[PDB]
Protein chains: 2
Amino acid sequence: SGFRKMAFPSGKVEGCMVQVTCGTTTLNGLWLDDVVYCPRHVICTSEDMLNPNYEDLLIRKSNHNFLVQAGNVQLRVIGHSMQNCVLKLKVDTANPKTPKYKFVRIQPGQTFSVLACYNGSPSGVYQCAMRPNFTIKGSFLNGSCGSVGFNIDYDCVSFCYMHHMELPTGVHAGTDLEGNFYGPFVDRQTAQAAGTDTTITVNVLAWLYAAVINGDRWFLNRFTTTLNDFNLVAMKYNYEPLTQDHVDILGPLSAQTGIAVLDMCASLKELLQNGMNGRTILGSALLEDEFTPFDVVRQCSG
Amino acid sequence: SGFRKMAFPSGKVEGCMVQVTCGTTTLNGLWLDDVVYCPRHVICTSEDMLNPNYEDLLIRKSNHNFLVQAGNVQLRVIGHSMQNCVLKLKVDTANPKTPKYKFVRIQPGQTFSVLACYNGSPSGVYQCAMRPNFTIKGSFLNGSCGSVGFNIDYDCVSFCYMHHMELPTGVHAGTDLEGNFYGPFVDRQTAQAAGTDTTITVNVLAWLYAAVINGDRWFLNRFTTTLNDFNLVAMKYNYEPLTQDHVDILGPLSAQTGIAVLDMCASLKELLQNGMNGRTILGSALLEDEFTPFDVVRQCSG
Ligand SMILES: O=C(Cn1nnc2ccccc21)N(Cc1ccsc1)c1ccc(-c2cn[nH]c2)cc1
Ligand SMILES: O=C(Cn1nnc2ccccc21)N(Cc1ccsc1)c1ccc(-c2cn[nH]c2)cc1
């Protein structure tokens with residue numbers, strides 16, 4: 001037993017990280033088959049980033065201006081192209097360490113592992129959720145651009161996130177691996193509104209089930225509620241409205257604990273209206289919304 | 001910026017995990033050079049674990065009774081021996097993926113990454129601290145025995161922990177890689193007292209510095225304190241006494257933020273005596289003691 005924020009083992013992704021240098025700037029790239037993916041603002045100077053014309057900036061660059069290093073091995077760039085906000089550098093060698101992989105665009109409320117990297121070298125790994133407002137709350141310093149987020153299904157790495165920017169509020173924004181930003185952000189140094197965030201209700205419920213599985217049961221009570229009544233409470237406390245799709249996803253956890261989803265919603269309602277009264281749940285004095293129902297079942301099944 | 005509980009990249013350890021089977025039981029082993037390390041209770045049956053005589057149990061076993069599999073590749077066991085609570089299986093092939101490594105015995109209050117494994121296959125990675133009472137609060141299911149904890153220094157993996165047991169309280173106990181348990185525990189199914197735990201004061205202070213570096217400053221106040229006055233408060237709230245050795249370790253964080261350690265102790269004192277008053281620090285409504293001063297500087301330096 002026990003329940004912790006657990007990242008996927010990062011080995012399959014470590015073998016893909018390279019450093020990408022274009023004149024001045026160095027960041028991280030992702031080497032899969034004979035293509036290296038990295039953020040396109042690698043072609044910018046610091047001044048360029050206020051109103052960069054990426055098309056013109058890229059026209060000034062040839063294959064030989066992109067220096068790509070995988071540890072010590074030097075890659076020979078034989079093609080370059082821009083897709084949305086990513087650069088794709090064709091190299092003449094397929095990465096011998098390429099895992100089975102897919103590119104996926106994840107939904108808000110889903111989680112993934114981030115392998116934070118600097119100069120192409122892995123630094124650490126941690127779990128993140130895509131916030132309802134399409135930001136993530138990560139740990140990224142200067143030089144971390146091009147670090148990627150991923151999930152692993154059996155042997156297949158599904159890459160979902162590439163890191164591009166820190167907003168002045170301190171939260172992080174990035175793209176899928178086709179270079180499309182999550183949310184309304186653009187790769188320009190302007191102030192950008194991250195919209196209203198909300199708490200991921202179905203994840204808080206999955207986490208309450210995780211807590212019951214691991215012995216924390218004090219929040220279980222005598223009450224029940226209805227989808228509509230609960231959604232009134234969710235609205236007041238800025239939680240995502242709960243839907244029948246959410247109820248269905250929580251079915252296995254309902255089945256394994258024998259606690260009906262709506263009875264668990266009644267517990268969450270009480271916690272929202274009265275707080276925790278100084279107690280803790282799975283080591284936290286806040287309601288945790290960064291575990292998906294799948295995250296709970298995976299960690300509670302092995 | 002941002003600050004998260006960050007594990008080391010697990011790739012160098014993934015290449016070392018094997019499964020070890022001895023008659024009935026299967027668990028994880030660690031393959032380094034031509035030796036595989038695993039918990040000795042792999043030689044037990046379920047009934048054996050109440051009062052196991054490991055010496056006699058091991059005498060019944062020959063090299064060929066230990067089946068060792070590294071993914072699909074079968075290892076040929078050419079020797080076996082017991083060192084304290086670990087088995088060392090000599091195999092005829094050096095692990096080609098052996099990283100540079102050391103075996104270390106860590107001190108309480110130090111942190112490390114755990115690569116949780118089942119049947120020799122990696123499941124996830126997360127940070128743990130060795131509690132003052134030599135337990136760890138992990139996430140381990142049946143079959144996770146032999147999973148290891150480690151730190152990585154540049155290219156060198158320092159292995160510090162091998163997982164052996166879950167206590168009836170739900171916390172976890174294990175050995176160093178010489179097979180010596182941390183704390184008073186033994187590899188028998190008896191009830192065992194984990195002594196009084198305490199909060200790791202120097203880690204809470206390092207985490208408060210991490211918070212200031214990343215914008216959370218509301219707990220900073222007008223007050224100061226002394227080592228002795230603060231230690232009166234630590235005693236009342238079951239915190240480790242603070243020493244000058246701790247003050248010195250916090251020197252770089254003091255220097256980078258310009259907040260004297262004793263002024264930060266004055267903030268911690270106020271938090272302990274009054275609580276947080278519903279506010280949060282780095283996303284937490286509790287005082288966090290699982291980041292060492294080195295963990296803060298590493299994550300805040302790259
Ligand atoms: O946000 C960044 C880069 N970034 N990402 N995570 C960070 C954590 C700490 C500090 C900086 C961090 N920006 C701003 C921008 C606006 C639109 S996209 C990115 C950034 C700043 C400078 C460059 C640059 C490229 N060449 N020279 C400088 C790139 C991105
Ligand atoms: O605690 C364990 C094994 N273990 N470790 N983490 C666990 C998380 C969930 C469930 C079990 C877990 N024990 C008890 C014991 C007491 C002294 S050392 C270990 C355990 C139980 C059974 C065996 C066994 C060996 N052969 N057959 C059964 C081994 C350890």
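Just so it is clear, the values below take in all heavy atoms, side chains as well, and ignore hydrogens, waters and symmetry mates. Lettering follows sequence order; numbering is per chain, from 1.
A:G283 and B:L286 make their closest contact through O-CD1, 3.3 Å (heavy atoms, listed as atom of the first residue, atom of the second, distance). Contact detail for A:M6 and B:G124: the closest heavy-atom pair is CG-CA, 3.5 Å.
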Apply side-chain contact (heavy atoms from CB on, under 4.5 Å) to the pair B:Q127 and A:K5, showing each step before the final yes or no.
-> CA-CA 9 Å; B:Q127 281 291 103; A:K5 213 179 273 291; over 6 Å; no
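Taking OG of A:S121 as the start and CG of B:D155 as the end, the distance is 11.0 Å to the nearest 0.5 Å. With values rounded to the nearest 0.5 angstrom, A:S1 atom OG is found 11.5 Å from B:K137 atom NZ.
Only the backbone of B:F3 comes within contact range of chain A, with at least one heavy atom under 4.5 Å from a heavy atom of that chain. Heavy atoms closer than 4.5 Å to chain A are found in the backbone of B:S301, but not in its side chain. In this structure, no portion of B:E288 lies under 4.5 Å from any heavy atom of chain A. Both the backbone and the side chain of B:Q299 come within less than 4.5 Å of a heavy atom of chain A. Only the backbone of B:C300 comes within contact range of chain A, judged by heavy atoms closer than 4.5 Å.
For the side-chain hydrogen bond (donor to acceptor under 3.5 Å, both in side chains) test, no residue two or more places apart in sequence or in another chain qualifies with A:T201. Looking at residues two or more places apart in sequence or on another chain, you find no side-chain hydrogen bond (donor to acceptor under 3.5 Å, both in side chains) involving B:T257.
The residue among B:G143, B:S139, B:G11 with the most heavy atom pairs within less than 4.5 Å of chain A is B:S139. For the set B:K12, B:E14, B:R4, the entry with the most heavy-atom pairs within less than 4.5 Å of chain A is B:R4. The candidate with the highest count of non-hydrogen atom pairs below 4.5 Å against chain B, out of A:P9, A:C128, A:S10, A:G2, is A:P9.
Remark: B:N274 CG is packed, more than 12 non-hydrogen atoms of other residues, nucleotides or ligands lying under 6.0 Å away.
Listed for the A:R298 side chain is no donor-acceptor partner under 3.5 Å among the backbone atoms of B:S123.
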